[PDB]
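Letter by letter, the sequence shown follows residues 25 to 589 in the entry's author numbering.
In what follows, a structure is listed as structure tokens, so that the remarks can point back to it.
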Amino acid sequence: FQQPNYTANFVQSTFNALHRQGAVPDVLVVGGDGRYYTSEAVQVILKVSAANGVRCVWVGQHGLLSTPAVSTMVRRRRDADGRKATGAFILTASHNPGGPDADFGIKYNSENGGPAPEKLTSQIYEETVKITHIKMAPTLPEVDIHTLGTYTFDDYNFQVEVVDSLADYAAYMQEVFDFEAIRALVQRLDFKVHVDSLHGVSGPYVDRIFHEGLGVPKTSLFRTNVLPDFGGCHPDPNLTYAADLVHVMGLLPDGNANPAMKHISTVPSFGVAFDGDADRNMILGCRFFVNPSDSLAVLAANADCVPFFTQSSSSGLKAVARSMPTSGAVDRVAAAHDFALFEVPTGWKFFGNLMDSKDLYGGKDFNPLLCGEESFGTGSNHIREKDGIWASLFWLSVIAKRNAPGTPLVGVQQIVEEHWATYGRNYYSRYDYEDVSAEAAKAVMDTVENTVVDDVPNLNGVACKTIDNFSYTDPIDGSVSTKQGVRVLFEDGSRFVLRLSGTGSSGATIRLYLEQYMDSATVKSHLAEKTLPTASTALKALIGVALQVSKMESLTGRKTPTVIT
Ligand SMILES: [Mg+2]
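Structure (structure tokens):
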């Protein structure tokens with residue numbers, strides 16, 4: 025794959041946002057997705073950056089730095105003459121299952137530690153394409169990024185400090201979580217764990233935290249060495265092919281399923297995998313899959329477990345936000361408690377603003393905020409990036425806050441089921457229809473809008489109302505966002521949503537989301553007394569509706585979807 029002249033134009037571009045003259049006080053952090061590139065392309069970043077006029081650069085050891093640690097280092101990290109970096113370049117694409125022929129993508133995070141605002145990122149579009157001349161000027165330095173220490177240079181008081189890529193991130197997690205209580209959980213006699221980093225930059229962190237930090241044996245953590253995959257494995261958490269973690273616990277790549285693994289004494293009670301760049305995660309139990317949304321909710325209900333939210337004489341937890349496409353199981357947790365909810369659009373910006381209210385830009389002073397998306401990861405205000413490894417420690421703290429010394433402990437399945445038993449369960453599943461004609465794709469979008477708009481009380485089920493094409497107005501900056509999903513809400517809380525995902529000319533993919541509430545067949549009785557219906561069968565109703573409504577089968581020629589969550 026190729027693109028405009030080199031890639032440095034991007035680095036030059038972000039500097040064409042920062043207007044001159046900084047002089048020599050600008051410090052930035054470098055590091056990115058494990059592999060494959062970085063090393064040979066890190067050099068490029070430094071030469072250009074130094075040719076632009078930054079004083080100092082903190083590169084991560086080996087050029088590796090997980091996104092959440094990136095934000096961490098730019099946020100809370102002051103030492104060596106005492107300096108704070110005002111920006112950072114992250115070398116990750118995240119949504120790239122491979123990288124043959126040196127495929128590449130790059131990210132930028134701003135002074136608040138989080139990703140660059142929409143204003144900045146869109147202005148870089150111009151420079152990346154319109155660049156008529158670049159400035160690098162080989163003189164020619166080529167630092168060693170694999171050895172700790174600082175390298176001071178001439179012609180411009182420049183300096184590259186290769187920093188340990190793990191100490192600060194592991195230190196932060198030790199502060200926000202009661203690691204001592206987590207130790208009691210994993211250093212017990214009836215709790216087997218299983219972490220997989222898919223040879224992702226999260227790898228080293230897993231070792232440094234789960235082994236050196238908690239004390240879990242190394243034989244539980246898997247694929248914790250960074251590598252440039254050529255014949256596996258995909259760094260995208262899902263049910264399919266990446267059914268490795270899925271299989272270990274004893275599942276099929278068809279949701280909660282079951283074959284010949286029912287009674288095996290070798291099934292871990294907790295398995296988790298991490299995204300390529302540790303920004304997103306997937307958490308599993310002994311034969312139990314936790315929907316990313318159900319996960320968000322459980323963490324919200326039992327947030328009194330981590331000191332981060334408890335200490336600082338806080339209110340306990342006053343905040344909670346989620347992408348609209350995400351299931352509303354976290355809404356019901358915001359009901360049984362008093363913390364104010366947000367249903368924002370897709371994109372992190374909104375999370376940034378909601379977080380950025382305590383220490384910047386008015387609004388609600390307190391900000392102990394939690395965040396999450398359907399396409400997993402989730403996070404909080406502790407950093408300004410979604411964090412995978414953080415969540416896994418969260419889920420440990422929750423299970424820890426159960427006290428099982430001696431007596432047997434409740435498994436994750438119960439905990440979620442208990443949580444299902446307390447607030448009721450929000451079924452969630454997503455139907456993808458890939459490679460359809462944009463004609464038919466939009467036709468389905470208009471049909472579900474238009475035909476439902478002027479007939480709100482049409483169709484089946486209960487009173488299906490509040491149907492709209494989701495628009496949202498940012499409460500902190502005042503941005504207005506539209507056409508971010510044709511909603512079709514029901515009375516009880518159920519809904520089915522269509523969202524159109526299609527970048528450029530290559531067809532499109534109808535993103536049909538399914539959500540059906542139920543508080544029946546429970547609660548408090550351990551496992552509805554063997555009447556486990558299960559989320560997949562009861563969604564058949566909502567499916568029958570949706571297709572009939574959207575005329576989806578009639579407009580596209582698709583009986584069955586491409587993907588199912
Ligand atoms: Mg990612």
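Cβ coordinates follow ideal geometry from the N, Cα and C atoms, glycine included.
1) On a CA-only basis, which of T176, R100, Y175, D178 is nearest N405? Give me that one, please.
2) Using a Cβ-Cβ cut-off of 6 Å (strictly less than) and excluding sequence neighbours within five positions of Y175, which residues of its own chain qualify?
3) Among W419, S574, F254, which has the Cα closest to the Cα of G309?
4) Can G300 be considered in contact with ligand 1, in the sense that its beta carbon sits closer than 7 Å to one or more heavy atoms?
5) Do you know how far the Cα of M306 is from the Cα of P316?
6) Could you give the first and the last residue of the continuous beta strand (DSSP E) run that contains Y60?
7) Quick one: does the C-beta of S351 sit closer than 7 Å to a heavy atom of ligand 1?
8) If you check the beta carbons only, do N133 and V81 fall under 8 Å apart?
9) Along the chain, which unbroken stretches of the alpha helix (DSSP H) at least 4 residues long are found entirely within the stretch 36-91?
10) Excluding the five sequence neighbours on either side, which residues of its own chain have a C-beta within less than 6 Å of the C-beta of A267, listed in chain order?
11) Go ahead and pull the three-state DSSP assignment for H157.
12) If you run the structure through DSSP and keep just helix, strand and coil, what is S319?
13) Within its chain, find whatever has a CB closer than 6 Å to the CB of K242; leave out the 5 residues flanking it on each side and keep chain order.
14) In chain order, what are the residue ranges of uninterrupted beta strand (DSSP E) at least 3 long that sit wholly in the stretch 324-398?
15) Give me the DSSP bridge partner(s) of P139.
16) Since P349 and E398 should fall inside the 8 Å C-beta cutoff, what is the C-beta to C-beta distance between them, to a whole number of angstroms?
17) Output the distance between the C-alpha atoms of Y541 and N136, rounded to the nearest integer angstrom.
18) Does DSSP put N33 in a helix, in a strand, or in coil?
19) Give the DSSP-derived three-state secondary structure of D192 in the structure shown.
20) Alpha carbon to alpha carbon, how far is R59 from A65?
21) Exposed or buried, which one is residue 4 when buried takes at least 16 other CB atoms within 10 Å?
22) What is the DSSP secondary structure of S525, reduced to helix, strand or coil?
23) Count the other CB atoms within 10 Å of the CB of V78; is the residue buried (16 or more) or exposed (fewer)?
24) Any heavy atom of ligand 1 closer than 7 Å to the Cβ of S118?
25) Please check the pair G274 and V291, which I expect to be a contact at CB under 8 Å, by giving their CB distance rounded to whole angstroms.
26) With a threshold of 7 Å on Cβ separation, who are the neighbours of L172 within its own chain once the five nearest residues in sequence on each side are excluded?
27) If we count the other Cβ atoms within 10 Å of its Cβ and call it buried at 16 or more, is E473 buried or exposed?
28) In terms of residue numbering, what span does the alpha helix (DSSP H) encompassing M469 cover?
29) Would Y537 pass as a contact of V512 if the rule is Cβ separation under 8 Å?
30) Is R304 near ligand 1, in the sense that its beta carbon is under 7 Å from a heavy atom of that ligand?
31) Could you check if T533 is buried or exposed, using at least 16 other CB atoms within 10 Å of its CB as the buried criterion?
32) Return helix, strand or coil for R207, following the three-state DSSP convention.
33) Within the stretch 250-325, note down every full beta strand (DSSP E) run reaching 3 residues or more, in order along the chain.
34) Quick check on the burial criterion: 16 or more other C-beta atoms within 10 angstroms. Buried or exposed for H443?
35) State the Cα-Cα distance for the pair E539 and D50, rounded to the nearest angstrom.
36) So, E463 versus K489, is the Cβ gap smaller than 8 Å?
Walking through what the data contain:
1) Ranked by Cα distance from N405, the first of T176, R100, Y175, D178 is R100.
2) In chain order, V167, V184 place their CB closer than 6 Å to the CB of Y175, counting only its own chain and leaving out the 5 sequence neighbours on each side.
3) When only C-alpha atoms are compared, the closest one is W419.
4) For ligand 1, at least one heavy atom lies less than 7 Å from the Cβ of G300.
5) One C-alpha to the other measures close to 7 Å.
6) No residue range can be given for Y60, since it is assigned to no beta strand (DSSP E) and is classified by DSSP as neither H nor E.
7) Proximity of the beta carbon of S351 to ligand 1 is not indicated: no heavy atom of the ligand is located closer than 7 Å.
8) The answer is no: Cβ separation not under 8 Å.
9) Runs of alpha helix (DSSP H) with 4 or more residues, each lying fully within the stretch 36-91, are found at 63-76, listed in chain order.
10) Same-chain partners within the cutoff: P277.
11) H157 sits in coil when the DSSP states are folded into three classes, being neither helix nor strand.
12) It is helical.
13) Counting only Cβ-Cβ distances below 6 Å, and skipping sequence neighbours, we find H235.
14) If we require 3 residues or more, the beta strand (DSSP E) runs fully inside the stretch 324-398 come out as 344-347, 365-368, 394-396.
15) Answer is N133, bridged to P139.
16) Their Cβ separation, rounded to whole angstroms, is 5 Å, which keeps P349 and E398 in contact under 8 Å.
17) Approximately 38 Å between the Cα atoms of the pair.
18) Here DSSP, grouped into helix, strand and coil, assigns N33 to helix.
19) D192: helix per DSSP, three-state reduction.
20) As the crow flies, the alpha-carbon of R59 is around 11 Å from that of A65.
21) Any question about residue 4 goes unanswered here, given that the chain covers just 25 to 589.
22) It is a strand residue.
23) A residue is called buried once 16 or more other Cβ atoms fall within 10 Å of its Cβ, and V78 is buried on that count.
24) Residue side-chain check: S118 places its Cβ nearer than 7 Å to a non-hydrogen atom of ligand 1.
25) Yes, they are in contact, since the Cβ atoms of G274 and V291 sit about 5 Å apart, within 8 Å.
26) In its chain, beyond the 5 residues on either side, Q85, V186, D188 have a beta carbon closer than 7 Å to the beta carbon of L172.
27) Taking every protein chain shown into account, the CB of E473 has 16 or more other CB atoms within 10 angstroms, so this residue is buried.
28) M469 -> alpha helix (DSSP H) spans 462-477.
29) No, these two residues do not count as a Cβ contact at 8 Å.
30) Under cutoff, so the answer is yes.
31) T533 comes out buried.
32) Helix.
33) If you keep only unbroken beta strand (DSSP E) runs of at least 3 residues inside the stretch 250-325, you get 294-298, 305-309.
34) Its Cβ being crowded by 16 or more others within 10 Å, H443 is buried.
35) Each residue's Cα considered, the two are about 48 Å apart.
36) Not a contact, by the Cβ cut-off of 8 Å.
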